[PDB]
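So basically every Cβ, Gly included, is an ideal-geometry build from the backbone, and we count neighbours across all protein chains shown. Please treat every number below as a calculation from the coordinates, not as lab data.
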Amino acid sequence: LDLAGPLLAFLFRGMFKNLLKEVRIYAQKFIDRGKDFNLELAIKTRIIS
Amino acid sequence: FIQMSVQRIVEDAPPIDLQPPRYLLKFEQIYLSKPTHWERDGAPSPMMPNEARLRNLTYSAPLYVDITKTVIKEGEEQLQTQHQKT
C-alpha cells in the first residue's frame, strides 16, 4: 500500500530532478560567456511549489 | 517522508557538473520550518488552518537547503562558497 509518504516521495523525486535540470540549463547558458554565476536567480521555486 | 525521504532524495541526487573553469554544486542538508504566510508586504506571520480554509490559502511550509558551490579556476585553489537557507 502506497501511503502519503511513498506517494509524495515519488512525486518529489521527479520535481527535484526537474529543478536540477533547469539549474543546469540556465547555468550553462549563463556560463558560456564565463563571466560569473549566482544561485538565487538560477533556482525556480515555482517548479516544486 | 518529511523526516527521512526528503533528505534521502536531496542527498542521493548526483552532484551537478558544469564548465575553461569548472563548477560543481552539492546539497548539504534541508531544513523545514513551521507553516508561515508570505503576506503581500513580505511580513512573516504564522498561518492557522482556519485562516487557510477561510482565505483559500495553501497550508504549506518553506523548504531550505544548504548549497555548496565549488569553482575550479585551474589555479590550484578551488573556492567553495556555502549558502545557508536557500
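So here's what we get for this one:
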read-out	value
Checking residue B:64 against (1) under 14 Å from the mean Cα position of the chain (by Cα); (2) at the interface with chain A (Cβ under 9 Å from one of its Cβ atoms); (3) of a type in the set (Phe, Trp, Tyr), the condition it does not meet	(2)
Residues within region B:48-75 that are exposed (fewer than 11 other Cβ atoms within 10 Å of the Cβ) and either of a type in the set (S, T, N, Q) or under 27 Å from residue B:11 (Cα atoms) (or both), tallied	3
Among residues of region A:5-47, those that are surrounded by fewer than 12 Cβ atoms within 10 Å (Cβ to Cβ), more than 7 Å from every other protein chain (Cβ to nearest Cβ) and part of a loop (DSSP other than H, G, I, E, B), counted	7
Single condition residue B:21 does not satisfy, out of (1) more than 14 Å from the chain's Cα centre (by Cα); (2) within 17 Å of residue A:49 (Cα to Cα)	(2)
Selection within region B:32-47 - part of a loop (DSSP other than H, G, I, E, B) and surrounded by 10 or more Cβ atoms within 10 Å (Cβ to Cβ)	B:33, B:35, B:39, B:47
